[PDB]
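Report on the following structure.
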Amino acid sequence: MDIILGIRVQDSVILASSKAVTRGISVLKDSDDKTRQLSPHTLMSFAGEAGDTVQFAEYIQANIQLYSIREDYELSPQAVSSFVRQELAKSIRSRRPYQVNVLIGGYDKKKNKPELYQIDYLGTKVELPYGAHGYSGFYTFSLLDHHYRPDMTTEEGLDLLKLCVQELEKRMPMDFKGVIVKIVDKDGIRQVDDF
Amino acid sequence: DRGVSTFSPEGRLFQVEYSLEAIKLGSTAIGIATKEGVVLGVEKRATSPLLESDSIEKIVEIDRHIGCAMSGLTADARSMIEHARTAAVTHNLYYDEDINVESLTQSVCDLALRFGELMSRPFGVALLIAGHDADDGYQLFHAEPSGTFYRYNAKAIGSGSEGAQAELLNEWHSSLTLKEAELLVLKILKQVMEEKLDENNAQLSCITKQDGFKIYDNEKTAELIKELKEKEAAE
Amino acid sequence: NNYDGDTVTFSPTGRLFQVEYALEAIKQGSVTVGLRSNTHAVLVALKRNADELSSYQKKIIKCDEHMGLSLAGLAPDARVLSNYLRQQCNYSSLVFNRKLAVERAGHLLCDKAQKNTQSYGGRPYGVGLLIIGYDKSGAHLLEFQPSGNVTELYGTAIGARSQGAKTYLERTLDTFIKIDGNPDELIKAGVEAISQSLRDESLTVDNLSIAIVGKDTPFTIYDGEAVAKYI
Amino acid sequence: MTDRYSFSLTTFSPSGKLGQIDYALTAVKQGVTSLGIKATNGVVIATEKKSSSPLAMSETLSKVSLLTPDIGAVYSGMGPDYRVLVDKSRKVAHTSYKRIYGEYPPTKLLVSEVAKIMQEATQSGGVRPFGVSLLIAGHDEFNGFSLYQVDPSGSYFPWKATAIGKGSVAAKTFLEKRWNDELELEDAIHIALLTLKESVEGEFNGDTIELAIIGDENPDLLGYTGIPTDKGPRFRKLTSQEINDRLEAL
Amino acid sequence: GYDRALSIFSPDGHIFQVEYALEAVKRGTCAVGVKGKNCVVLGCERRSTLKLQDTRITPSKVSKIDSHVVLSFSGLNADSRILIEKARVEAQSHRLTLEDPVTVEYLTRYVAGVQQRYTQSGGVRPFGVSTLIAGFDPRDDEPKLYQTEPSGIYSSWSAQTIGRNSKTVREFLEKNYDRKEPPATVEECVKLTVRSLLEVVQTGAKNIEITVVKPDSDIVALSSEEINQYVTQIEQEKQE
Amino acid sequence: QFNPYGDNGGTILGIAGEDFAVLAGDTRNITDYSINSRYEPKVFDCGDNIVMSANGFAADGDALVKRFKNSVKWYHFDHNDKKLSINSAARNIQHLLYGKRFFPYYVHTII
Amino acid sequence: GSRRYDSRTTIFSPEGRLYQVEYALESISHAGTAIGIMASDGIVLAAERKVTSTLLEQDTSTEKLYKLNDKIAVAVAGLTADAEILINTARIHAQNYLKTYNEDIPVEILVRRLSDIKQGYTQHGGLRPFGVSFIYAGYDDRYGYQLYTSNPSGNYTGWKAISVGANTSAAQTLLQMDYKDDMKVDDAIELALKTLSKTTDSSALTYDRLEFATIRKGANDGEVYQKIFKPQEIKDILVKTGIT
Amino acid sequence: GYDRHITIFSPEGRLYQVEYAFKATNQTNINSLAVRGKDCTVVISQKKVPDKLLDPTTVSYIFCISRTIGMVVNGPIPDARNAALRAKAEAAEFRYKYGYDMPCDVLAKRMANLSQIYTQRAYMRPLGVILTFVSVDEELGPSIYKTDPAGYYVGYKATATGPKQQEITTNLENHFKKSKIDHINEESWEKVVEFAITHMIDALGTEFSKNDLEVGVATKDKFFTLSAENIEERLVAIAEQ
Amino acid sequence: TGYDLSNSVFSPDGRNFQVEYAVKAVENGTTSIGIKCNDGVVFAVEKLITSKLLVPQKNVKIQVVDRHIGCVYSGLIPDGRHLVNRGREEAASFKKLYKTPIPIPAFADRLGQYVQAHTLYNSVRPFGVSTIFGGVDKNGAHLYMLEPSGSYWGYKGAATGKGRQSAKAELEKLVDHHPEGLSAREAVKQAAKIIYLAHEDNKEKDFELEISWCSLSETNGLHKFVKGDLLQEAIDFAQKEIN
Ligand SMILES: [Cl-]
Ligand SMILES: [Mg+2]
């Protein structure tokens, strides 16, 4: 875990998530996908304590999938984000809290608008044009403050994302073995294979 | 009404005796024990021709060395089998060995009387538990909802039980081969069954030390049925 | 009649019919005999089979190295009670490094059976037991009934036609009590006692079941070819 | 041991009747008459003090009970069932309201809580319904004065004026003739005493009649001074002397 | 807690509460399942004593348990929701631990186990519901159709019907369904299903529901006009 | 603060032959620099030709042996006087020990 | 023991019916009639109060019509006390959903859960079922305007127009006759009152014996308004349609 | 007719088990009486010891609940003792929780509320007893409060309980008509006990020896029972007047 | 009717028929007695010798509670044991909290409340025993008799079982003839006689006598069984009186 980014543009939400899984002085894997599809138009990336991350991601995934089957309907990104926030808000006062930070990128089909939510392990939710968790934000936020425009295309958003990854690869201490990039729009979720 | 765990004036538990009547309504199941193995056979009894008969699962594996056949309210047997399987595997985990067939049966029979006012009623199903262990060799047990189990050389349960048991009385001897026992189950099943016996409405199985518990294919049983008919016509 | 629906109800004459119906299950059970001298205590049990293809229902259960019983009635209830005895015998050993007295064994069974006769929902035990044992005060023989009543005896018998063996032992009392330091002769007396309860059937090799405990003899059960000596 | 009665003792009969509720209402019918009348500037509740024995001190037995400083209750039916309901009603006013909002509940909501308790005795395991009908009079800032009736079923209805118990049928007819929407509190007390005389048979005075009002705030009954917003209880029980004064000009 | 043993044996060896639950199933609207060569079709009756209904929002008779398995039923409607909910939860729980969706056999075995538990648990009555569970196992093109009932027994069927007048439609299917050659196409399977319901239903208007399930989570419900075309076609061939 | 463990010292040794096996152990019991007993046995015959010793903290060692001896007893009751094989005894003891994984028996056990 | 006195509320008849559910429905058939009519631009709820007394306070009274949230209301038919237990549960459930998802609860979801509660009382617990039938009238952004009913069995269904309580047979026939799909709210108001006026057991239908409510999008732009009619407003609407 | 076996309503709105519990009250065939003085409250009860083998000192239906409160029971002794033990526990707990001695009338209410529960809850039967509580309350003065199986309770100027209760009741009624006051206008408790015995003798029409009576007296800060000799001394005083 | 089918149900009389039915079971049982004496109490019981096969002196019916209380009962023997087991728990918790051994009157109420509790619910059965018990405490000697209803009183002499009326009559004579008091050693001898006299109502089977006693002087305030020479002496005294 470590680097998870998110950028909301005109017609889509783009999530970038590092591929490295490190334990001790060994990079155990360099192709790890730190994300789960909660519903056809909602994607959640995650980062934090080992084990907790996936266990939480999959638990949320199961619940949203259960809801979808029960009501034969897809929950809005806003609704999913609120559900996730509450689960974390419960967790923090538990015996052993989930130490997991997430980004929820979704496309609301009723509003025809992309939405990006940033939620930390405390259950602190914020809707943002761009978001990051961990040390990443200390570089990317200022970079995006400068280069981001609200009316950008998906292609422009990917170039803007490339600029972030380049900066992180230059100034971050750890080798995070690149990122997996996924786009969330009106047509659902797809992965960019060449990044 | 009246209590579930009530004794009759003759000194029997009403509910246990009534569950025995339910088992008499069930389909026939036969077991025969030999020195070469133990054979288990059942009547499938499909309620309609549209029902896919191969989905009727009345013979069941508990462990590699223990098999089980059922008769009566077969839905009730699911939790009994589950318990048997867990008991067998759990014993292997705790002791690094196979569990004795008698010990397994005893564990299943402990559930039987755990009912009252625990579950609400006794089981409505009887089990034939067949297996092998190193100590007492090939064994066949009849487990009832009374909590009682008897070892048998051969045993029939279900609707055609009393007629089949009398037939097993004459036919069984201590030097039966496995092949002889297979035919004997098929013979006796064909006698007590309503519909005509074939590979689709009857199922065979066995447990041997070497190969463990095996349910026979419909192709294999069909050849044993054909072998049986030829031998009866031959004299 | 109207007062036999459950164990919590007394009859107008002060009877507990469910307890009496449980007592009736014992009378249906196969005969078993108990007797002792001053050195040894012996259980002799007639085992019963479903048919010629079936095995013979095991009647005798070991509780500890120095104690055990024979049963007559519902076998699962005997398994529950014998298990309880095993635990109580074992508790006495682990905690106090003390072999459980046969008298206390009886007291514990009495109190366990009683609780089932005073509460709604439950039922009485449907089995009678004959407990033998050798403890610090010599050989013992107990008779347990599921009413709760436990009784210490020189000899007794329970089950179907148990009156025949019980009469014999009542005559033989003076003889068998002084069979000290001789196991085989005390068993012979027990085998002759149970024979008085036989009708049409006789004692065969896989029919008879004998158990013995004594001064220098742990509780051991004899079945199969080991009892051929006494036929 | 233990409560084995975990099943309903009140069930639907083939005709659709809930037997125990009907029978509870029959018990209420047998009970002594009580009534309530709503005025423009107050509410009055009244009942007869049926003495079990002349040696008994009827002052110690209070049929009209304060629930909150602005809410009072009276009943017809089984007294013991009423007494415990008053205990539970007083407590629920604190636990489910005052300890949360820092103020007393409005009449309608306290009534609602009492109704809930009585409904549960109609459905819960191993219990019979309460054998009483309550008349609850009260005041609150935003609803003003109000009067409610609560039946064994747990149903409650708001009334301008009504009566329950022994001679309720005749008493309700009497109240229909006399009641108007311009009644002052003193006029309602006068009518209450007239209505009650019809049902009472023996002695009719301040010692055999129990009567309380929900009217103006009573600073003299508050017990302390210094807080301007706290002006005292609107519930006041009329004294034996105060009743007799009005019985002369009857 | 309420402990009473409601489901108990009778002198003749019957559990009346389980058998009375079957009567509730017999009262329920007819439901039929027919599996073809490459598909399964679930047909369902809807009683026409209810006009002024709102079919948009009214609970549909066929329910999706997962994207690849469906469940229809006959009997008490309120009871069916409880089974469907439990099944749906177990479906997601199976995906979570095994990392693979349920097989139709497994899902059926679970639902049947729940029904059985309610026949020997204290304080509860059995489910007055029999179900038809149909679908396709993951990465498998062999059609699956299973039936469950209040007792807890379950089994696989080439074709089967449950509910009121089911014995009439079972009679129809028994002669019209060939084991050696099942309905080769979707059209053939739907037609045979509609035909079988037309023996019992009344009118082929808003009384018949049809749901077609195909491999790889391909489930679609037919509309009124689509079903009406089968009804119109069958009646014209009948007049002969 | 109360310390629930102690060290009773001693040492044990087991060797296996072709048709035999030995399990030896010194008879000294100690706490700190004092001797408690010069003859306190800690190698026991547990039945079914199994000898056992649990060396380290004697209170935990005696408890474990006691439990295993009791395990042998109940194995007989529950499985028709079957002899507990050495391999089966080993696996049983694993479970006894691991049952107290989060409050261990401070012993090195040999059978 | 106590077995002797157990009614066994959650069992099947030999015919496969639930005794207590059937008898609860028999109870509900004597309760005051409640009608729900769904129009294209709103929903009407109309209900007849049970034999009113002249000294009953009418304006500060609530017997038939209850508010569950800002978008959903119910009409009651049966035991009021039972209905209030279920209504508070429903009100809480709606707030739980809103707290969890930050969205108003879809009508069906609320209905299903309330119906599931009723179902439980018929299958386990040994308690009597709730002697209540609801008409749910509500709106959400998925299905728009919706009418549902639930009964003591825990079974619920959707409707264009429906009646519960007394004389449903006669009421349903009249609704089935005059109802059509392109109907407006003001027309549905008139239909609801006309149906009650003919099916009533009373001599004449008056304002004091009625509860009335509408759920329109008659607020300002793309938002729903609940209107629980006041006594004077029922008096006026009764004159306007020419019943009095 | 199972509505007569448990505490549920009959068609005419009655609880038969409660009514039958009232009849259990008189099973002992003992009459009790309670009156108030200026400074005291006196309670007296008949004492009948039929068996010669009984230890007469252990035969009692009067109980010392707390230091200040006394209680006499009309009904079978098992239920009487059940009620006594509970009342003792309640009075002790009250003092611990609220820091002052439980008043007579409050204990009566508490025991009455418990009795009420048995009339509503099915698994619990009512106690077949009538509990008469007496004290000299520090706020209300001399106090008599009585409880029954229905859960009813009320204060009394004076009271009587038992088979011949009505004869005793009217006897007392006529006295208070005559005296025109709520109590026995007497200084010492000795003479109030004498009044109680005198008016019981007149009402019942029987003469009493020292062993035929049982007396309890409540004064400020203590309730106590009288011995046989204390009663004998009291009987002598009546006879010599 | 049906008022007698369920425990804790009042009949129209105000009676609990189930308790009265339990009394019948007590009346069916063997005879047991209790005699209060100068500085203690004596207990005795009839043991019917059903068969020659019964081991003499080895079916003990009298039970001890704590170290100073003796209990004996007639009726359903198991029910009596259950009551004693409770008595022992009650006496143990009293001594645990209050240090001093439980007084007899205190102990009497503990059993009384427990037995009475078994008349409050239909889910339990009343006790099928009348229990005679007592001992020596700080206030001296106490004898009690407890019945199925929960009713108990203190006694000068007590008797219950099949021969209760015969024993009661004999007990009443002792109270009359010895107003100053009866000694402990005398009471043991008298107890033997009264059991032998009460055996006339159960004379088919012959019986075995069993006696126990608590006395401040003779047993030092502790409960002991009468055995050996003192037992045979009491048997001979009884044998001489019947002839
Ligand atoms: Cl209270
Ligand atoms: Mg009661």
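Chains as they are written, first to last, in the UniProt record's numbering: chain A, 1 to 195; chain B, 9 to 125, 133 to 250; chain C, 4 to 234; chain D, 1 to 250; chain E, 3 to 242; chain F, 20 to 130; chain G, 2 to 245; chain H, 11 to 251; chain I, 6 to 248.
Even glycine gets a Cβ: it sits at the ideal position worked out from N, Cα and C.
Membership of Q147 (chain G) in the beta strand (DSSP E) is indicated by the continuous run 145-151. Under the Cβ criterion of 7 Å, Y226 (chain G) is not counted among the residues facing chain A.
When only Cα atoms are considered, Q56 (chain H) and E183 (chain H) end up about 20 Å apart. When Cβ-Cβ separations below 7 Å define contact, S8 (chain D) makes no contact with chain E.
For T129 (chain H), the closest C-alpha among the options D:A188, D:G226, D:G138, D:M78 is that of D:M78.
Proximity to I31 (chain B) across B:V97, B:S13, B:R86, B:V140 peaks at B:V140, based on C-alpha coordinates. A check of alpha carbon separations from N43 (chain I) across I:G7, I:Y26, I:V28, I:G162 identifies I:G162 as the nearest. Inclusion of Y160 (chain I) and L148 (chain I) in the CB contact set at 7 Å is warranted, their separation being smaller than that value. Take the alpha-carbon of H91 (chain B) and the one of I74 (chain B): they are about 13 Å apart.
For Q117 (chain C), the chain I residues whose Cβ falls inside 8 Å of its Cβ are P83, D84, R86, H87, in order along the chain. The Cβ atoms of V12 (chain B) and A207 (chain E) do not sit closer than 7 Å to each other. With 6 Å as the limit, the residues whose C-beta approaches any heavy atom of ligand 2 more closely are H:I16, H:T17, H:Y128, H:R131, H:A132, H:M134, H:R135, in sequence along the chain. Here the C-alpha atom of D13 (chain H) lies approximately 6 Å from the C-alpha atom of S20 (chain H).
If you keep only unbroken alpha helix (DSSP H) runs of at least 4 residues inside the segment 37-113 of chain B, you get 85-103.
The beta carbon of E29 (chain B) sits closer than 7 Å to some beta carbon of chain E. Of all residues in the segment 86-110 of chain C, those with a C-beta nearer than 8 Å to a C-beta of chain F are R89, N93, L97, reading in chain order.
Exclusion of the five residues before and after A220 (chain G) leaves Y226 as the residues of its chain whose Cβ lies within less than 8 Å of its Cβ.
Burial state of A249 (chain B) is exposed, judged by a 10 Å Cβ sphere holding fewer than 16 other Cβ atoms. Three or more Cβ pairs drawn from the segment 142-158 of chain C and the segment 103-114 of chain C lie within less than 8 Å of each other, which places the two stretches in contact. No heavy atom of ligand 1 is found nearer than 6 Å to the CB of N64 (chain I). It is roughly 56 Å from the alpha-carbon of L67 (chain D) to the alpha-carbon of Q20 (chain F). When DSSP reads this structure, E47 (chain E) sits in a beta bridge with E:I210. For the segment 124-192 of chain D, the continuous alpha helix (DSSP H) assignments of 4+ residues that do not extend past its boundaries occur at 168-178, in sequence order. The Cβ neighbour count for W93 (chain F), taken over all protein chains shown within 10 Å, is under 16; the residue is labelled exposed. Judged by their CB atoms, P79 (chain C) and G146 (chain B) are not nearer to each other than the 7 Å cut-off.
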